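Student: just need the structure, nothing else, for what follows:
(7 chains)
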Amino acid sequence: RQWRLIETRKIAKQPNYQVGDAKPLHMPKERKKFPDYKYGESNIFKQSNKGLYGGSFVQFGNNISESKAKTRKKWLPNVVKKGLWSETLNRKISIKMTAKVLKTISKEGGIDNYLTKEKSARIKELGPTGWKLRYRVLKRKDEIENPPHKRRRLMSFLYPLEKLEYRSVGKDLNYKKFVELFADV
Amino acid sequence: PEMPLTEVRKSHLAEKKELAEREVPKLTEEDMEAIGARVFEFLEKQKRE
Amino acid sequence: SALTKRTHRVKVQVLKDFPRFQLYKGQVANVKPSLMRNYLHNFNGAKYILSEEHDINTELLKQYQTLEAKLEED
Amino acid sequence: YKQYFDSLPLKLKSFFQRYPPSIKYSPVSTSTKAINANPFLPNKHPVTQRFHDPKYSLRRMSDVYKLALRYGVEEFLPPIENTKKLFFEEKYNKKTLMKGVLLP
RNA sequence: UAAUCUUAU
RNA sequence: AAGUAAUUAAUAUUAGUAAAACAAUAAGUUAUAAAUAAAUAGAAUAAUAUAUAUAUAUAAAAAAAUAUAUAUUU
RNA sequence: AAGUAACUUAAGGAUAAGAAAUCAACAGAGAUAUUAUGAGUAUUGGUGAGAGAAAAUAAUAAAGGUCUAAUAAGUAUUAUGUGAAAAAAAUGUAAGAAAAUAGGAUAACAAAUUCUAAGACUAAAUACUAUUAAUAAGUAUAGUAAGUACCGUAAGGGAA
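Tutor: Numbers count the residues shown, from 1 in each chain, chains lettered A, B, ... in the order given. Take a look at the structure below.
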């Protein structure tokens, strides 16, 4: 097979922003939660952006009679709503799937496994939703593997002292501001 | 935020690192000379015939 | 297909009692894929086992075997 | 000699640079991690146990071999025994005629 | 009937 | 304000070239053999069709058609 | 007619293609692209209208090969409904492999041969715009105003 309707897609190349450079005119309010999906978000069978369609877009072709009188028809995939169990998330995740995709999931032995397969083909035939799910699972796995220590209290201890010092000079100091200051330190 | 690397990807990376760590095959001056001499001999033989 | 339905199985390990489906905790069974995805796999109730070495739980399986032996005796 | 070597075609020169003749590369398929792994053969990766495709894909390998033949630098290239390709006079001589040719 | 599945809170 | 342009093919006339031409690195096109659905067949074994060539046919002929031979090749 | 107009979406200075599971044929060649030739030829078609390659040979063209992948399965294939007039690759539904001891390619088969899918990157030759420069058996109705006056509720039209 091929992933033509996926890998044809192109997204505007964001310029790498240096810390000292000037701002863009429209900077967003809330930050980027998820990683950027290489292949954007489908602009044709937008039905499939909400689910795990397995790179199965709608076809259009011809109904043909005994007289060979051609008439345009479309061929939809066998989509199905299906709440499937994630071991990593410890909850079942309900989404639209192609019956094919459900079969693949069953073969691979789980939904998390399906999401996390490292092949490029899989990545292509994950949606934007599928990509987000993958990210959620992978991040959770990483957390499970590696808890922070294998600092917050120190910051909390120092904060009031820092505030007092600021006041003695003359200025007031908030927590949030303190946190912002001492993130990289 | 960058997506984390899955187990297979990590293993591949480790393998690549191990490969890099080994001594790299590089074409020595001596090897080039040996080749060049052989080429010359071949040319001489061609000229003769 | 009907043939497919008959012959398609999925090797799982149950991690929970399942009285309706006749599957006792720790048992390693070749179940129907539909059954696995719908009933067994939910709430960490069972687990898919592709690689028998890495995936499978050993102690649970041993316990199941012991239970089966006890049943046979009785 | 050095000047003559330099005068060799580009692809051949590049090959010699990146797989030099000091290393006696294997005739048979090997581990991908090995130093003597033949770039023309499909070597097996030891962990996954999957045959990697040859480092030089078959066309490129053939071109390299033809270049070597032209300039008489065959034996410095690693062996093409277990790659099924023969070339020119050796191919002509060693081949069996088709069943259709011998037995119509 | 923990297949689907409607509704309500 | 209205038979024109581009890409082809054919015929004429002229000019160059000529059993060659075009183009010139090659490659190709056209003619240099007629044919026959097509195949591996192909034009005087003593000269004008009463010779020979191919197609039907066939032991080879004859018989239709078309084609080919009468110092210098068309 | 024609995947053309039209409508939608998205990306870049270009993009697309690109380093062979390509062709071929017992010889062999070696990414892609554009053009010529092959060739209106093979092929094809209510065997009508009509449509029509490739190999190979040259032009153009750039450093033009090169690791990025722990080597690729719900994929190869298959069945089926579709599917660039030739020439296939794709795609819905569903079945479904194998490890180079392999696999793709040819109704089929037997030989032989070739190549490595289900992972990648890639200048230049190109489209377009704008500019400068040069040439015009082009323009004074293609010579500067004007999208103005004006018509229309509007899109739109459109002078001298």
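
Student: ok but residue A:103 is inside a strand, no?
Tutor: No: checked against DSSP: H, G, I helix; E, B strand; the rest coil, residue A:103 lies outside a strand; its state is helix.

Student: measure how buried it is and give me the count.
Tutor: By other CB atoms under 10 Å in any protein chain shown, the residues close to residue A:103 number 14. Just so you know, the C-beta spots here come from the backbone N, C-alpha and C atoms, and that holds for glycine as well.

Student: mind checking how far it is from residue A:82?
Tutor: From residue A:103 over to residue A:82 the distance is 11 Å, taken as CB to CB, to the nearest Å.

Student: how about the helices in chain B?
Tutor: Secondary structure of chain B (DSSP state H): helices at B:7-21, B:29-48.

Student: who wins for proximity to residue C:47 among these?
Tutor: Among the helices of chain B, the nearest to residue C:47 by CB to CB is helix B:7-21 (17.4 Å).

Student: what does that closest one rub up against?
Tutor: A:118, B:5, D:33, D:47 (CB atoms under 8 Å, 6 or more residues apart in numbering or on different chains).

Student: is the third one in a helix, a strand, or coil?
Tutor: If I follow you right, that is residue D:33. With three-state DSSP as the criterion, residue D:33 reads coil.

Student: now it: closest residue in space, sequence neighbours ignored.
Tutor: Spatially, and ignoring its direct neighbours in sequence, residue D:33 is nearest to residue D:46 (6.0 Å; CB to CB, 6 or more residues apart in numbering or on different chains).

Student: how many residues are close by that neighbour?
Tutor: The burial count for residue D:46: 12, using other CB under 10 Å.

Student: over to residue D:45?
Tutor: Counted with other CB under 10 Å, residue D:45 comes out at 14.

Student: ok, now residue C:53?
Tutor: Residue C:53: 7 surrounding residues under other CB under 10 Å.

Student: how near is it to residue C:27?
Tutor: 18 Å.

Student: give me the number of residues near the residue in chain B positioned nearest to chain C?
Tutor: Here chain B gets closest to chain C at one residue, residue B:7, 11.1 Å apart by CB to the nearest CB. Residue B:7 has 11 neighbouring residues, counting by other CB under 10 Å.

Student: give me every residue that touches the residue most central in space within chain B.
Tutor: For chain B, the residue nearest the mean C-alpha position is residue B:25 (5.0 Å; CA atoms, centre = their mean). Applying CB under 8 Å, 6+ apart to residue B:25 gives the contacts D:18, D:19, D:20, D:22, D:23, D:35.

Student: in chain A, which residue is closest to the centre?
Tutor: For chain A, residue A:132 is the residue whose C-alpha lies nearest the centre (CA atoms, centre = their mean; 2.3 Å).

Student: all helices for chain D, in order.
Tutor: Using DSSP H, the helices found in chain D span residues D:2-7, D:10-18, D:58-71, D:88-94, D:99-102.

Student: okay if I get the contacts of residue B:25 as JSON lines plus neighbour count?
Tutor: JSON lines is the format used below for these (neighbours: other CB atoms under 10 Å in any protein chain shown):
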{"residue": "D:18", "neighbour count": "14"}
{"residue": "D:19", "neighbour count": "21"}
{"residue": "D:20", "neighbour count": "18"}
{"residue": "D:22", "neighbour count": "12"}
{"residue": "D:23", "neighbour count": "15"}
{"residue": "D:35", "neighbour count": "13"}
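
Student: circling back: now the residue nearest to the centre of chain A: closest residue in space, sequence neighbours ignored.
Tutor: Leaving out its chain neighbours, the residue that sits closest to residue A:132 by CB to CB, 6+ apart is residue A:34, at 5.2 Å.

Student: count the neighbours of the one you found for me.
Tutor: By other CB under 10 Å, neighbour count at residue A:34 equals 15.

Student: burial count for residue A:161?
Tutor: Applying other CB under 10 Å, we find 9 residues neighbouring residue A:161.

Student: check the gap between it and residue C:65 for me.
Tutor: According to CB to CB, residue A:161 and residue C:65 sit 63 Å apart.

Student: host element of residue C:59?
Tutor: Per DSSP states H and E, residue C:59 falls inside helix C:58-73.

Student: output that helix as CSV, restricted to C-alpha atoms.
Tutor: Output of helix C:58-73 as CSV, limited to C-alpha atoms (Å, rounded to 0.1, in the frame of the first residue of the first chain):
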residue,chain,number,x,y,z
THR,C,58,5.0,-17.4,35.6
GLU,C,59,3.8,-17.5,39.2
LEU,C,60,0.1,-17.0,38.3
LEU,C,61,0.3,-19.7,35.7
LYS,C,62,1.9,-22.1,38.2
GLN,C,63,-0.9,-21.4,40.7
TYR,C,64,-3.5,-22.1,38.0
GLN,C,65,-1.8,-25.4,37.2
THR,C,66,-1.8,-26.3,40.9
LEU,C,67,-5.5,-25.5,41.1
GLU,C,68,-6.2,-27.6,38.1
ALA,C,69,-4.3,-30.5,39.6
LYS,C,70,-6.2,-30.2,42.8
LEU,C,71,-9.5,-30.2,40.9
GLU,C,72,-8.4,-33.3,39.0
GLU,C,73,-7.5,-35.0,42.3
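
Student: separation between the residue of chain A found nearest chain D and residue B:6?
Tutor: Evaluated by CB to the nearest CB, chain A has residue A:118 as its residue closest to chain D, separated by 11.8 Å. Applying CB to CB, the value for residue A:118 to residue B:6 is 5 Å.

Student: compare these two (neighbour count), which wins?
Tutor: Using other CB under 10 Å, the more surrounded residue of residue A:118 and residue B:6 is residue B:6, with 18 against 14.

Student: next, that one: phi, psi?
Tutor: Torsion angles at residue B:6 (phi, psi; degrees, to the nearest 10) stand at phi -70, psi 170.
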